>>> print(open('data-v4.pdb').read())   # PDB, C-alpha atoms and all ligand atoms
ATOM      1  CA  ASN A 593      72.422 133.956  89.194
ATOM      2  CA  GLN A 594      72.578 130.196  88.569
ATOM      3  CA  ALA A 595      74.812 127.606  86.917
ATOM      4  CA  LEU A 596      72.989 127.768  83.545
ATOM      5  CA  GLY A 597      73.207 124.061  82.791
ATOM      6  CA  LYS A 598      71.566 123.641  79.366
ATOM      7  CA  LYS A 599      68.157 124.128  80.986
ATOM      8  CA  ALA A 600      68.402 127.470  82.772
ATOM      9  CA  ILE A 601      69.635 128.961  79.488
ATOM     10  CA  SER A 602      66.670 127.459  77.636
ATOM     11  CA  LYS A 603      64.343 128.957  80.246
ATOM     12  CA  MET A 604      66.225 132.255  79.892
ATOM     13  CA  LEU A 605      65.430 132.301  76.177
ATOM     14  CA  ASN A 606      61.828 131.193  76.785
ATOM     15  CA  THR A 607      61.175 133.953  79.334
ATOM     16  CA  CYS A 608      62.872 136.505  77.083
ATOM     17  CA  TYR A 609      60.581 135.481  74.223
ATOM     18  CA  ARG A 610      57.444 135.469  76.374
ATOM     19  CA  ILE A 611      58.054 138.811  78.082
ATOM     20  CA  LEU A 612      59.990 140.889  75.530
ATOM     21  CA  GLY A 613      59.097 139.551  72.090
ATOM     22  CA  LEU A 614      60.944 138.242  69.029
ATOM     23  CA  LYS A 615      63.569 140.810  68.006
ATOM     24  CA  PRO A 616      65.021 141.081  71.551
ATOM     25  CA  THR A 617      65.112 137.298  71.912
ATOM     26  CA  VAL A 618      66.834 136.842  68.538
ATOM     27  CA  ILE A 619      69.466 139.441  69.432
ATOM     28  CA  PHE A 620      69.778 137.792  72.847
ATOM     29  CA  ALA A 621      70.303 134.351  71.297
ATOM     30  CA  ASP A 622      73.011 135.664  68.977
ATOM     31  CA  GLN A 623      74.795 137.430  71.842
ATOM     32  CA  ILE A 624      74.478 134.348  74.059
ATOM     33  CA  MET A 625      76.051 132.109  71.439
ATOM     34  CA  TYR A 626      78.862 134.600  70.752
ATOM     35  CA  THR A 627      79.794 134.994  74.415
ATOM     36  CA  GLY A 628      79.411 131.282  75.136
ATOM     37  CA  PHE A 629      81.762 130.361  72.306
ATOM     38  CA  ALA A 630      84.292 133.007  73.338
ATOM     39  CA  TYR A 631      84.383 132.038  77.011
ATOM     40  CA  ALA A 632      84.324 128.288  76.315
ATOM     41  CA  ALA A 633      87.398 128.800  74.141
ATOM     42  CA  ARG A 634      89.046 130.994  76.780
ATOM     43  CA  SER A 635      88.353 128.403  79.483
ATOM     44  CA  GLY A 636      90.511 125.817  77.729
ATOM     45  CA  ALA A 637      88.311 122.931  78.847
ATOM     46  CA  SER A 638      89.978 119.674  77.819
ATOM     47  CA  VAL A 639      89.318 115.990  78.465
ATOM     48  CA  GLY A 640      92.258 113.910  79.663
ATOM     49  CA  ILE A 641      92.949 110.399  80.864
TER      50      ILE A 641
ATOM     51  CA  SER B 887      34.297 119.030  69.015
ATOM     52  CA  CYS B 888      34.953 121.866  66.554
ATOM     53  CA  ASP B 889      31.393 121.349  65.235
ATOM     54  CA  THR B 890      32.355 123.084  61.995
ATOM     55  CA  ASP B 891      32.294 121.518  58.533
ATOM     56  CA  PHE B 892      35.380 120.918  56.370
ATOM     57  CA  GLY B 893      37.896 122.451  58.737
ATOM     58  CA  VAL B 894      38.417 123.424  62.362
ATOM     59  CA  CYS B 895      37.465 126.660  64.110
ATOM     60  CA  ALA B 896      40.359 128.947  65.009
ATOM     61  CA  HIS B 897      39.183 128.968  68.633
ATOM     62  CA  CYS B 898      38.430 125.256  69.093
ATOM     63  CA  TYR B 899      42.079 124.645  68.177
ATOM     64  CA  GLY B 900      44.165 126.492  70.751
ATOM     65  CA  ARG B 901      46.990 128.902  70.100
ATOM     66  CA  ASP B 902      49.617 127.480  67.778
ATOM     67  CA  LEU B 903      52.801 126.303  69.436
ATOM     68  CA  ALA B 904      55.128 128.003  66.940
ATOM     69  CA  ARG B 905      53.947 131.512  67.872
ATOM     70  CA  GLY B 906      52.592 133.169  70.988
ATOM     71  CA  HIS B 907      49.357 134.481  69.500
ATOM     72  CA  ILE B 908      46.256 132.506  68.567
ATOM     73  CA  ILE B 909      46.324 130.523  65.334
ATOM     74  CA  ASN B 910      45.333 132.466  62.222
ATOM     75  CA  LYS B 911      43.005 131.141  59.538
ATOM     76  CA  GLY B 912      44.371 128.968  56.757
ATOM     77  CA  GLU B 913      47.160 127.182  58.634
ATOM     78  CA  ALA B 914      47.407 123.509  57.640
ATOM     79  CA  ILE B 915      47.198 122.119  61.162
ATOM     80  CA  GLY B 916      46.807 118.503  60.049
ATOM     81  CA  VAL B 917      50.216 118.286  58.386
ATOM     82  CA  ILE B 918      51.841 120.020  61.362
ATOM     83  CA  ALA B 919      50.194 117.556  63.746
ATOM     84  CA  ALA B 920      51.232 114.537  61.679
ATOM     85  CA  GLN B 921      54.827 115.755  61.393
ATOM     86  CA  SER B 922      54.962 116.508  65.120
ATOM     87  CA  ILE B 923      53.705 113.030  66.005
ATOM     88  CA  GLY B 924      56.051 111.340  63.542
ATOM     89  CA  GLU B 925      59.218 113.339  64.202
ATOM     90  CA  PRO B 926      59.927 111.210  67.294
ATOM     91  CA  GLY B 927      59.716 107.501  66.576
ATOM     92  CA  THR B 928      63.139 107.239  65.020
ATOM     93  CA  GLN B 929      64.328 107.398  68.648
ATOM     94  CA  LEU B 930      61.549 105.498  70.442
ATOM     95  CA  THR B 931      63.004 102.290  71.869
ATOM     96  CA  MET B 932      60.443  99.941  70.235
TER      97      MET B 932
ATOM     98  CA  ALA C   2      66.749 145.577  55.476
ATOM     99  CA  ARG C   3      64.319 143.787  57.804
ATOM    100  CA  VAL C   4      65.753 140.803  59.662
ATOM    101  CA  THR C   5      62.301 140.202  61.192
ATOM    102  CA  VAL C   6      58.829 141.009  59.890
ATOM    103  CA  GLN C   7      57.144 141.051  63.312
ATOM    104  CA  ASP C   8      56.731 144.835  63.244
ATOM    105  CA  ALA C   9      55.166 144.586  59.790
ATOM    106  CA  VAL C  10      53.078 141.589  60.879
ATOM    107  CA  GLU C  11      51.458 143.340  63.841
ATOM    108  CA  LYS C  12      50.324 146.183  61.556
ATOM    109  CA  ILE C  13      48.079 143.828  59.550
ATOM    110  CA  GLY C  14      47.998 140.710  61.654
ATOM    111  CA  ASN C  15      47.594 137.528  59.663
ATOM    112  CA  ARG C  16      51.174 136.472  58.685
ATOM    113  CA  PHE C  17      49.452 135.347  55.467
ATOM    114  CA  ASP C  18      47.770 138.459  54.065
ATOM    115  CA  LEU C  19      50.977 140.395  54.725
ATOM    116  CA  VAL C  20      52.715 138.243  52.111
ATOM    117  CA  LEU C  21      50.023 139.051  49.539
ATOM    118  CA  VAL C  22      50.068 142.786  50.305
ATOM    119  CA  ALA C  23      53.867 142.939  50.119
ATOM    120  CA  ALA C  24      53.843 140.925  46.888
ATOM    121  CA  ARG C  25      51.362 143.347  45.318
ATOM    122  CA  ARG C  26      53.348 146.385  46.459
ATOM    123  CA  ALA C  27      56.629 144.894  45.217
ATOM    124  CA  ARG C  28      55.033 144.064  41.865
ATOM    125  CA  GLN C  29      53.845 147.664  41.566
ATOM    126  CA  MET C  30      57.289 149.028  42.445
ATOM    127  CA  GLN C  31      59.151 146.578  40.176
ATOM    128  CA  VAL C  32      57.144 146.313  36.939
ATOM    129  CA  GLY C  33      57.051 150.118  36.785
ATOM    130  CA  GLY C  34      54.496 152.831  37.319
ATOM    131  CA  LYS C  35      55.249 153.240  41.020
ATOM    132  CA  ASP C  36      57.802 154.901  43.280
ATOM    133  CA  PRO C  37      58.662 153.983  46.884
ATOM    134  CA  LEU C  38      56.962 156.028  49.596
ATOM    135  CA  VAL C  39      59.840 155.370  52.037
ATOM    136  CA  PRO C  40      63.512 156.345  51.506
ATOM    137  CA  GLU C  41      65.351 153.595  49.640
ATOM    138  CA  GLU C  42      68.656 152.434  51.136
ATOM    139  CA  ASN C  43      70.041 150.328  48.196
ATOM    140  CA  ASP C  44      67.824 147.386  49.189
ATOM    141  CA  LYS C  45      65.468 145.388  46.991
ATOM    142  CA  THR C  46      61.763 146.057  46.483
ATOM    143  CA  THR C  47      60.601 143.268  48.819
ATOM    144  CA  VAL C  48      62.030 144.849  51.960
ATOM    145  CA  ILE C  49      60.927 148.297  50.765
ATOM    146  CA  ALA C  50      57.336 147.058  50.651
ATOM    147  CA  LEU C  51      57.768 145.349  54.019
ATOM    148  CA  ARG C  52      59.132 148.547  55.587
ATOM    149  CA  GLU C  53      56.269 150.552  54.080
ATOM    150  CA  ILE C  54      53.865 148.089  55.710
ATOM    151  CA  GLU C  55      55.725 148.244  59.036
ATOM    152  CA  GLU C  56      55.647 152.053  59.045
ATOM    153  CA  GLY C  57      51.868 151.830  58.603
ATOM    154  CA  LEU C  58      51.880 153.633  55.249
ATOM    155  CA  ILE C  59      50.816 150.699  53.025
ATOM    156  CA  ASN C  60      47.732 148.552  53.679
ATOM    157  CA  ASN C  61      45.150 146.632  51.661
ATOM    158  CA  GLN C  62      42.369 149.214  52.007
ATOM    159  CA  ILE C  63      44.571 152.137  50.962
ATOM    160  CA  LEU C  64      46.053 150.063  48.138
ATOM    161  CA  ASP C  65      42.511 149.519  46.847
ATOM    162  CA  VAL C  66      41.640 153.211  47.173
ATOM    163  CA  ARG C  67      44.855 154.199  45.372
ATOM    164  CA  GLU C  68      44.015 151.809  42.532
ATOM    165  CA  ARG C  69      40.491 153.250  42.400
ATOM    166  CA  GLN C  70      41.852 156.807  42.284
ATOM    167  CA  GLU C  71      44.241 155.856  39.477
ATOM    168  CA  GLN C  72      41.351 154.304  37.542
ATOM    169  CA  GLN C  73      39.226 157.419  38.104
ATOM    170  CA  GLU C  74      42.020 159.693  36.861
ATOM    171  CA  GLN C  75      42.240 157.695  33.623
TER     172      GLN C  75
HETATM  173 ZN    ZN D1001      35.444 124.514  66.004
END
>>> encode(input="data-v4.pdb", output="structure tokens", more="lines below")
Ligand SMILES: [Zn+2]
Amino acid sequence: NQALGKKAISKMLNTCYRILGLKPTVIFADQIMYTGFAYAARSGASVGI
Amino acid sequence: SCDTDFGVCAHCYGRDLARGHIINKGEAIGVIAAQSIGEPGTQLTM
Amino acid sequence: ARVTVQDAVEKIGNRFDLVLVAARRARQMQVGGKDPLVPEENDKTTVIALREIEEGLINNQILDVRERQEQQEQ
């Protein structure tokens, strides 16, 4: 429930590792990267003049 | 203050930073420490 | 296959002796004179040994006692 600005996501992974373990955090990292790539592409974020 | 000879006690050196648990015997902590100190430095402003 | 060896590591926790135990078990299963104790799913001997360790069915003590029993039989 935040903005997840390159630091909240890192803390998300750190807490997942500390509380759950290694296999859940690896699966979580893979899923995070998949969904981030997909929704960044869907967003169509572009830099203009 | 490890007080041991030719090495370092597994307790006197805290838990390793790569893994959650305490550091196991046999890890080459000196090389890890040197690499960790020298990995920055190519970006220090001098 | 085993993407992570954490389950096998916690069975015999050193992250260093596990490599030796798995190497010995894989050597036994590869050079001949041994058969896997866990169902084999087309994967190589390394992960078979690792899965045997993770299941708690292969360890250093029981490897030594199995070698001793084999020597006693001969
Ligand atoms: Zn010490």
>>> residues_near_ligand(input="data-v4.pdb", ligand="ligand ZN 1001 (chain D)", cutoff="9 Å", atoms="all atoms listed in the file", output="CSV table (one decimal) with C-alpha atoms, in the frame of the given file")
chain,number,residue,atom,x,y,z
B,887,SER,CA,34.3,119.0,69.0
B,888,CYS,CA,35.0,121.9,66.6
B,889,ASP,CA,31.4,121.3,65.2
B,890,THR,CA,32.4,123.1,62.0
B,891,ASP,CA,32.3,121.5,58.5
B,893,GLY,CA,37.9,122.5,58.7
B,894,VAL,CA,38.4,123.4,62.4
B,895,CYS,CA,37.5,126.7,64.1
B,896,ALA,CA,40.4,128.9,65.0
B,897,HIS,CA,39.2,129.0,68.6
B,898,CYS,CA,38.4,125.3,69.1
B,899,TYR,CA,42.1,124.6,68.2
>>> resolve_selection(input="data-v4.pdb", expression="the PyMOL selection byres (((chain A and resi 620) around 12) and not hetatm)", output="VMD selection string")
chain A and resid 601 to 602 604 to 609 612 to 619 621 to 628
>>> axis_aligned_box(input="data-v4.pdb", around="stretch 602-609 of chain A", padding_each_side="3 Å", output="JSON")
{"center_x": 63.6, "center_y": 132.0, "center_z": 77.2, "size_x": 12.1, "size_y": 15.0, "size_z": 12.0}
>>> interface_residues(input="data-v4.pdb", of="chain B", to="chain C", cutoff="10 Å", atoms="all atoms listed in the file", output="list in words")
residues 909, 910, 911, 912 and 913 of chain B
>>> closest_atom_pairs(input="data-v4.pdb", of="chain B", to="chain A", cutoff="12 Å", atoms="only C-alpha atoms", output="tab-separated table")
residue	atom	partner	partner_atom	distance
B:904	CA	A:609	CA	11.8
B:905	CA	A:614	CA	9.8
B:906	CA	A:610	CA	7.6
B:907	CA	A:610	CA	10.7
>>> resolve_selection(input="data-v4.pdb", expression="the ChimeraX specification (/A :<10) & /C", output="CSV table (one decimal) with C-alpha atoms, in the coordinates of the input")
chain,number,residue,atom,x,y,z
C,4,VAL,CA,65.8,140.8,59.7
C,5,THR,CA,62.3,140.2,61.2
C,6,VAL,CA,58.8,141.0,59.9
C,7,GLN,CA,57.1,141.1,63.3
C,8,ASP,CA,56.7,144.8,63.2
>>> atom_distance(input="data-v4.pdb", atom1="atom CA of residue C:10", atom2="atom CA of residue C:68")
22.9 Å
>>> atom_distance(input="data-v4.pdb", atom1="atom CA of residue C:9", atom2="atom CA of residue C:47")
12.3 Å
>>> resolve_selection(input="data-v4.pdb", expression="the PyMOL selection byres (((chain C and resi 22) around 12) and not hetatm)", output="VMD selection string")
chain C and resid 9 to 10 12 to 21 23 to 29 47 50 to 55 59 to 65
>>> write_last_selection(input="data-v4.pdb", atoms="C-alpha atoms", output="mmCIF file, keeping the file's coordinate frame")
data_model
loop_
_atom_site.group_PDB
_atom_site.id
_atom_site.type_symbol
_atom_site.label_atom_id
_atom_site.label_comp_id
_atom_site.auth_asym_id
_atom_site.auth_seq_id
_atom_site.Cartn_x
_atom_site.Cartn_y
_atom_site.Cartn_z
ATOM 1 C CA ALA C 9 55.166 144.586 59.790
ATOM 2 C CA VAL C 10 53.078 141.589 60.879
ATOM 3 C CA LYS C 12 50.324 146.183 61.556
ATOM 4 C CA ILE C 13 48.079 143.828 59.550
ATOM 5 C CA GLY C 14 47.998 140.710 61.654
ATOM 6 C CA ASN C 15 47.594 137.528 59.663
ATOM 7 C CA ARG C 16 51.174 136.472 58.685
ATOM 8 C CA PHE C 17 49.452 135.347 55.467
ATOM 9 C CA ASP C 18 47.770 138.459 54.065
ATOM 10 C CA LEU C 19 50.977 140.395 54.725
ATOM 11 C CA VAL C 20 52.715 138.243 52.111
ATOM 12 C CA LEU C 21 50.023 139.051 49.539
ATOM 13 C CA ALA C 23 53.867 142.939 50.119
ATOM 14 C CA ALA C 24 53.843 140.925 46.888
ATOM 15 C CA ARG C 25 51.362 143.347 45.318
ATOM 16 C CA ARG C 26 53.348 146.385 46.459
ATOM 17 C CA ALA C 27 56.629 144.894 45.217
ATOM 18 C CA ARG C 28 55.033 144.064 41.865
ATOM 19 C CA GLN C 29 53.845 147.664 41.566
ATOM 20 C CA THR C 47 60.601 143.268 48.819
ATOM 21 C CA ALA C 50 57.336 147.058 50.651
ATOM 22 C CA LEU C 51 57.768 145.349 54.019
ATOM 23 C CA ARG C 52 59.132 148.547 55.587
ATOM 24 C CA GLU C 53 56.269 150.552 54.080
ATOM 25 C CA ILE C 54 53.865 148.089 55.710
ATOM 26 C CA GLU C 55 55.725 148.244 59.036
ATOM 27 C CA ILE C 59 50.816 150.699 53.025
ATOM 28 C CA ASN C 60 47.732 148.552 53.679
ATOM 29 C CA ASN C 61 45.150 146.632 51.661
ATOM 30 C CA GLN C 62 42.369 149.214 52.007
ATOM 31 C CA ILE C 63 44.571 152.137 50.962
ATOM 32 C CA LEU C 64 46.053 150.063 48.138
ATOM 33 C CA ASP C 65 42.511 149.519 46.847
#
>>> build_atoms(input="data-v4.pdb", residues="stretch 891-903 of chain B", atoms="N, CA and C atoms", output="PDB file, keeping the file's coordinate frame")
ATOM      1  N   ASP B 891      32.301 122.427  59.670  1.00  0.00           N
ATOM      2  CA  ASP B 891      32.294 121.518  58.533  1.00  0.00           C
ATOM      3  C   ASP B 891      33.463 121.831  57.611  1.00  0.00           C
ATOM      4  N   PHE B 892      34.227 120.798  57.259  1.00  0.00           N
ATOM      5  CA  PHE B 892      35.380 120.918  56.370  1.00  0.00           C
ATOM      6  C   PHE B 892      36.396 121.920  56.921  1.00  0.00           C
ATOM      7  N   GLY B 893      36.908 121.611  58.100  1.00  0.00           N
ATOM      8  CA  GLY B 893      37.896 122.451  58.737  1.00  0.00           C
ATOM      9  C   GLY B 893      37.768 122.375  60.244  1.00  0.00           C
ATOM     10  N   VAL B 894      38.404 123.336  60.908  1.00  0.00           N
ATOM     11  CA  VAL B 894      38.417 123.424  62.362  1.00  0.00           C
ATOM     12  C   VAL B 894      38.419 124.896  62.744  1.00  0.00           C
ATOM     13  N   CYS B 895      37.559 125.269  63.689  1.00  0.00           N
ATOM     14  CA  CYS B 895      37.465 126.660  64.110  1.00  0.00           C
ATOM     15  C   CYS B 895      38.779 127.126  64.727  1.00  0.00           C
ATOM     16  N   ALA B 896      39.111 128.398  64.491  1.00  0.00           N
ATOM     17  CA  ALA B 896      40.359 128.947  65.009  1.00  0.00           C
ATOM     18  C   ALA B 896      40.388 128.995  66.526  1.00  0.00           C
ATOM     19  N   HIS B 897      39.227 128.976  67.178  1.00  0.00           N
ATOM     20  CA  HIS B 897      39.183 128.968  68.633  1.00  0.00           C
ATOM     21  C   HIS B 897      39.213 127.555  69.198  1.00  0.00           C
ATOM     22  N   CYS B 898      38.465 126.628  68.593  1.00  0.00           N
ATOM     23  CA  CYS B 898      38.430 125.256  69.093  1.00  0.00           C
ATOM     24  C   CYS B 898      39.819 124.635  69.119  1.00  0.00           C
ATOM     25  N   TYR B 899      40.661 124.973  68.149  1.00  0.00           N
ATOM     26  CA  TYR B 899      42.079 124.645  68.177  1.00  0.00           C
ATOM     27  C   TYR B 899      42.798 125.790  68.877  1.00  0.00           C
ATOM     28  N   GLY B 900      43.534 125.475  69.937  1.00  0.00           N
ATOM     29  CA  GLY B 900      44.165 126.492  70.751  1.00  0.00           C
ATOM     30  C   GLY B 900      45.214 127.277  69.983  1.00  0.00           C
ATOM     31  N   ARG B 901      45.931 128.121  70.720  1.00  0.00           N
ATOM     32  CA  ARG B 901      46.990 128.902  70.100  1.00  0.00           C
ATOM     33  C   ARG B 901      48.056 127.968  69.544  1.00  0.00           C
ATOM     34  N   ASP B 902      48.587 128.314  68.375  1.00  0.00           N
ATOM     35  CA  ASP B 902      49.617 127.480  67.778  1.00  0.00           C
ATOM     36  C   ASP B 902      50.877 127.506  68.632  1.00  0.00           C
ATOM     37  N   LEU B 903      51.631 126.413  68.580  1.00  0.00           N
ATOM     38  CA  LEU B 903      52.801 126.303  69.436  1.00  0.00           C
ATOM     39  C   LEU B 903      54.023 126.988  68.846  1.00  0.00           C
TER      40      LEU B 903
END
